[PDB]
Amino acid sequence: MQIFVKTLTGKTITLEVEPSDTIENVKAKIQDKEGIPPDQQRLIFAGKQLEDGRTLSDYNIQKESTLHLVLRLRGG
Amino acid sequence: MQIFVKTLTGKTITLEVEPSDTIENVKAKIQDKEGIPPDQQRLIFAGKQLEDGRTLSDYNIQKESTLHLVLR
């Protein structure tokens with residue numbers, strides 16, 4: 001089922017995610033298509049900035065979900 | 001006001017910086033001085049890596065402050 005992870009300036013990562021899916025697994029599915037490693041991926045979804053080892057169900061991530069992706073040191 | 005932007009790799013970049021300096025403005029002065037372009041640089045203060053458009057005044061990076069520059 002699809003999620004729309006939106007990387008800052010508009011780079012929208014369309015991902016096919018599982019009914020079993022997990023957040024470091026979703027980070028691996030981004031580390032494919034976008035090439036971004038897991039520290040450099042800071043996800044944000046519904047009240048929460050996201051971690052690494054959680055499920056999609058934990059955060060309430062479902063079909064056609066907009067997540068946001070923040071890229072590490074966004075400057076500095 | 002004088003700060004010491006070190007690298008971990010030996011070097012000390014001694015800079016006269018402003019209270020108005022944002023980090024990319026300091027990175028531009030490091031580009032001038034040592035030839036390094038902006039988002040190749042990452043500034044550490046103590047053990048925290050910095051955000052961009054925040055000032056040296058915001059971070060409390062005053063005179064004699066040792067920063068650590070890494071590249072990534």
# chains A, B, ... in the order shown; residues from 1 in each chain; ligands from 1

$ residues_around --residues "region 54-65 of chain A" --least-positions-apart "3" --cutoff "12 Å" --atoms "only C-alpha atoms" --output "PyMOL selection string"
chain A and resi 1-6+12-27+43-51+68

$ interface_residues --of "chain B" --to "chain A" --cutoff "10 Å" --atoms "only C-alpha atoms" --output "MDAnalysis selection string"
chainID B and resid 22:27 38:44 49:54 69 72

$ write_last_selection --atoms "N, CA and C atoms" --output "PDB file, in the first residue's frame"
ATOM      1  N   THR B  22      25.661  33.936  11.068  1.00  0.00           N
ATOM      2  CA  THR B  22      25.020  32.630  10.956  1.00  0.00           C
ATOM      3  C   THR B  22      26.058  31.614  10.539  1.00  0.00           C
ATOM      4  N   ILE B  23      25.738  30.310  10.566  1.00  0.00           N
ATOM      5  CA  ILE B  23      26.768  29.301  10.386  1.00  0.00           C
ATOM      6  C   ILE B  23      27.279  29.241   8.960  1.00  0.00           C
ATOM      7  N   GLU B  24      26.408  29.325   7.943  1.00  0.00           N
ATOM      8  CA  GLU B  24      26.793  29.464   6.547  1.00  0.00           C
ATOM      9  C   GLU B  24      27.595  30.730   6.240  1.00  0.00           C
ATOM     10  N   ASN B  25      27.441  31.809   7.035  1.00  0.00           N
ATOM     11  CA  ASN B  25      28.263  33.007   6.936  1.00  0.00           C
ATOM     12  C   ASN B  25      29.684  32.733   7.445  1.00  0.00           C
ATOM     13  N   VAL B  26      29.818  32.004   8.572  1.00  0.00           N
ATOM     14  CA  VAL B  26      31.090  31.459   9.048  1.00  0.00           C
ATOM     15  C   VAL B  26      31.694  30.470   8.052  1.00  0.00           C
ATOM     16  N   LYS B  27      30.895  29.544   7.482  1.00  0.00           N
ATOM     17  CA  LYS B  27      31.304  28.650   6.409  1.00  0.00           C
ATOM     18  C   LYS B  27      31.803  29.374   5.162  1.00  0.00           C
ATOM     19  N   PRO B  38      30.336  25.472   1.183  1.00  0.00           N
ATOM     20  CA  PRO B  38      29.449  25.411   2.347  1.00  0.00           C
ATOM     21  C   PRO B  38      28.985  24.046   2.821  1.00  0.00           C
ATOM     22  N   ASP B  39      28.062  23.331   2.135  1.00  0.00           N
ATOM     23  CA  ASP B  39      27.475  22.100   2.670  1.00  0.00           C
ATOM     24  C   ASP B  39      28.419  20.881   2.602  1.00  0.00           C
ATOM     25  N   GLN B  40      29.719  21.107   2.346  1.00  0.00           N
ATOM     26  CA  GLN B  40      30.752  20.128   2.614  1.00  0.00           C
ATOM     27  C   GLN B  40      31.183  20.190   4.074  1.00  0.00           C
ATOM     28  N   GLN B  41      30.987  21.344   4.734  1.00  0.00           N
ATOM     29  CA  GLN B  41      31.380  21.604   6.098  1.00  0.00           C
ATOM     30  C   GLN B  41      30.290  21.247   7.090  1.00  0.00           C
ATOM     31  N   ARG B  42      30.663  20.705   8.264  1.00  0.00           N
ATOM     32  CA  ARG B  42      29.753  20.549   9.381  1.00  0.00           C
ATOM     33  C   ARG B  42      30.405  21.057  10.657  1.00  0.00           C
ATOM     34  N   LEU B  43      29.854  22.130  11.254  1.00  0.00           N
ATOM     35  CA  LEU B  43      30.364  22.698  12.491  1.00  0.00           C
ATOM     36  C   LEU B  43      29.783  22.009  13.725  1.00  0.00           C
ATOM     37  N   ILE B  44      30.672  21.592  14.646  1.00  0.00           N
ATOM     38  CA  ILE B  44      30.375  21.067  15.969  1.00  0.00           C
ATOM     39  C   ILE B  44      30.734  22.116  17.016  1.00  0.00           C
ATOM     40  N   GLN B  49      26.199  19.085  16.641  1.00  0.00           N
ATOM     41  CA  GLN B  49      26.292  19.663  15.310  1.00  0.00           C
ATOM     42  C   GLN B  49      25.231  20.732  15.123  1.00  0.00           C
ATOM     43  N   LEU B  50      25.596  21.827  14.458  1.00  0.00           N
ATOM     44  CA  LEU B  50      24.789  23.024  14.400  1.00  0.00           C
ATOM     45  C   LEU B  50      23.743  22.980  13.294  1.00  0.00           C
ATOM     46  N   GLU B  51      22.630  23.701  13.511  1.00  0.00           N
ATOM     47  CA  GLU B  51      21.691  24.080  12.481  1.00  0.00           C
ATOM     48  C   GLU B  51      22.261  25.295  11.752  1.00  0.00           C
ATOM     49  N   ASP B  52      21.707  25.600  10.579  1.00  0.00           N
ATOM     50  CA  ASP B  52      22.157  26.593   9.633  1.00  0.00           C
ATOM     51  C   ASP B  52      21.932  28.056  10.037  1.00  0.00           C
ATOM     52  N   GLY B  53      20.749  28.627   9.711  1.00  0.00           N
ATOM     53  CA  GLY B  53      20.419  30.040   9.907  1.00  0.00           C
ATOM     54  C   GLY B  53      20.140  30.472  11.324  1.00  0.00           C
ATOM     55  N   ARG B  54      20.950  29.986  12.269  1.00  0.00           N
ATOM     56  CA  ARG B  54      20.995  30.389  13.652  1.00  0.00           C
ATOM     57  C   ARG B  54      22.324  31.083  13.864  1.00  0.00           C
ATOM     58  N   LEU B  69      35.265  21.673  13.186  1.00  0.00           N
ATOM     59  CA  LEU B  69      34.822  21.483  11.831  1.00  0.00           C
ATOM     60  C   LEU B  69      35.148  20.076  11.356  1.00  0.00           C
ATOM     61  N   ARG B  72      31.300  16.429   5.795  1.00  0.00           N
ATOM     62  CA  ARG B  72      30.377  15.415   5.324  1.00  0.00           C
ATOM     63  C   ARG B  72      29.069  16.065   4.812  1.00  0.00           C
TER      64      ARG B  72
END

$ select_by_dssp --residues "chain B" --states "helix (DSSP H, G or I)" --output "list in words"
residues 23, 24, 25, 26, 27, 28, 29, 30, 31, 32, 33, 34, 38, 39 and 40 of chain B

$ write_last_selection --atoms "C-alpha atoms" --output "mmCIF file, in the first residue's frame"
data_model
loop_
_atom_site.group_PDB
_atom_site.id
_atom_site.type_symbol
_atom_site.label_atom_id
_atom_site.label_comp_id
_atom_site.auth_asym_id
_atom_site.auth_seq_id
_atom_site.Cartn_x
_atom_site.Cartn_y
_atom_site.Cartn_z
ATOM 1 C CA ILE B 23 26.768 29.301 10.386
ATOM 2 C CA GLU B 24 26.793 29.464 6.547
ATOM 3 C CA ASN B 25 28.263 33.007 6.936
ATOM 4 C CA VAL B 26 31.090 31.459 9.048
ATOM 5 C CA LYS B 27 31.304 28.650 6.409
ATOM 6 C CA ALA B 28 31.661 31.375 3.714
ATOM 7 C CA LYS B 29 34.542 32.908 5.750
ATOM 8 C CA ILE B 30 36.047 29.361 5.955
ATOM 9 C CA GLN B 31 35.534 29.144 2.132
ATOM 10 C CA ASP B 32 37.449 32.456 1.761
ATOM 11 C CA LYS B 33 40.198 31.519 4.244
ATOM 12 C CA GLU B 34 40.756 27.733 3.744
ATOM 13 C CA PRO B 38 29.449 25.411 2.347
ATOM 14 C CA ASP B 39 27.475 22.100 2.670
ATOM 15 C CA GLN B 40 30.752 20.128 2.614
#

$ atom_distance --atom1 "CA of residue 21 (chain B)" --atom2 "CA of residue 42 (chain A)"
26.9 Å

$ residues_around --residues "residue 20 (chain B)" --least-positions-apart "4" --cutoff "8 Å" --atoms "only C-alpha atoms" --output "PDB file with C-alpha atoms, in the first residue's frame"
ATOM      1  CA  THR B  55      23.589  32.888  14.915  1.00  0.00           C
ATOM      2  CA  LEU B  56      26.795  32.592  16.961  1.00  0.00           C
ATOM      3  CA  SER B  57      24.931  34.795  19.497  1.00  0.00           C
TER       4      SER B  57
END

$ residues_around --residues "residue 16 (chain B)" --least-positions-apart "6" --cutoff "7 Å" --atoms "only C-alpha atoms" --output "MDAnalysis selection string"
chainID B and resid 1:3
